[PDB]
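As a starting point, one isolated chain is supplied in structure tokens, in the form solved without the named molecule.
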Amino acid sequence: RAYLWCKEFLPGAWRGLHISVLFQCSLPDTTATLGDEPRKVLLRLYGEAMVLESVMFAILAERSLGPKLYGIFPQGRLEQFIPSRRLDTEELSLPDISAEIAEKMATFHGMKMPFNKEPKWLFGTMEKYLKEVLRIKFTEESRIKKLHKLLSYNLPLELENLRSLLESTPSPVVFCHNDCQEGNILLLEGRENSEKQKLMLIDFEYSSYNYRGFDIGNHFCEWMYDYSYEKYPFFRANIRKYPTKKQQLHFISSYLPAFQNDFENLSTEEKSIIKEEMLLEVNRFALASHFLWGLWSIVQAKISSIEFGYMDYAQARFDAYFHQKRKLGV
């Protein structure tokens, strides 16, 4: 099946003619490349709505901000295989890494995409997941209990509180990644010694026009979560790992001149004003990351096959939401 996708969609030596588990499709080591065709490709089997993700991946491939698109078919797609590794959670805090993510995020934000520019994504998704959460019934007594504790916060009332806080919080609408976590950041092989070009932002499943503060606040929230933990619930949460004001300022001091052209040419006092207001903007939007992903995770506990403690994760996001509300005095 994959043999016929790689044979029919790929040029040169493939048109004549190895697979590993996502799939790593390759040509034999003794086979000589006829031209610029790839020796090793990546196959993505799935399992509007595909029209938008496809056009987006095609555009990012064309603009070199994503992996190349080699083939597109109903069952999935053939993409460029990038020799790399994903970053770990502890590396998000590294100054060079943090500064590069901010630059790669700033670049992604300035991109013009053929999608709805109305920032509906944030609240529309939260309402969609909230409507589902209130009608979910679990069979297991342990899950019924965990849900009962989450529903006890009165989620529709909390959403209206978050709505009022965010409406009185100006944040520009940009093309957001919406999932800027370590698992979506590639550390490029060989390029490890590069100070400012060793990374790549990937996996645009959630990308849309959204409030800038959500992409930044959401990334700040991601410093607290490590999804590599090998024992149940298959994640580790650490509130103390949220960026300090200094680490948050280092991130924005790299984000701002990379996004706003004039920024560098402003006065020291003016630069601090934009920055101080930006810390308020992103820390408020961090609350929407906890809320969005917390609701998402309850819906995921009901529908997903994947081995992950979804209900514990929802509780860890809701704990962080209330902790962050307290920190902000909101």
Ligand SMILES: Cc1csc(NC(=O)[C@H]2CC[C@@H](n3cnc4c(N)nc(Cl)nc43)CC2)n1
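Numbering starts at 1 and runs along the sequence shown.
Not pictured, yet referred to below: the form solved in complex with the named molecule.
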Contact between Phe81 and the named molecule in the deposited bound form at 4.5 Å, heavy atoms? yes
Using a 4.5 Å heavy atom cut-off, state whether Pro67 contacts the named molecule in the deposited bound form. yes
Taking 4.5 angstroms as the cut-off for heavy atoms, does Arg44 touch the named molecule in the deposited bound form? yes
So in the deposited bound form, does any heavy atom of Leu22 sit within 4.5 Å of the named molecule? yes
Could you tell me which of 249-257, 202-210, 152-160, 167-175 sits within 4.5 Å of the named molecule in the deposited bound form, going by non-hydrogen atoms? 202-210
Since exactly one of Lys117, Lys196, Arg86, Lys145 fits, which has a heavy atom within 4.5 Å of the named molecule in the deposited bound form? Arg86
Answer with one of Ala102, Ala237, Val133, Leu186: the residue that has a non-hydrogen atom within 4.5 Å of the named molecule in the deposited bound form. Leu186
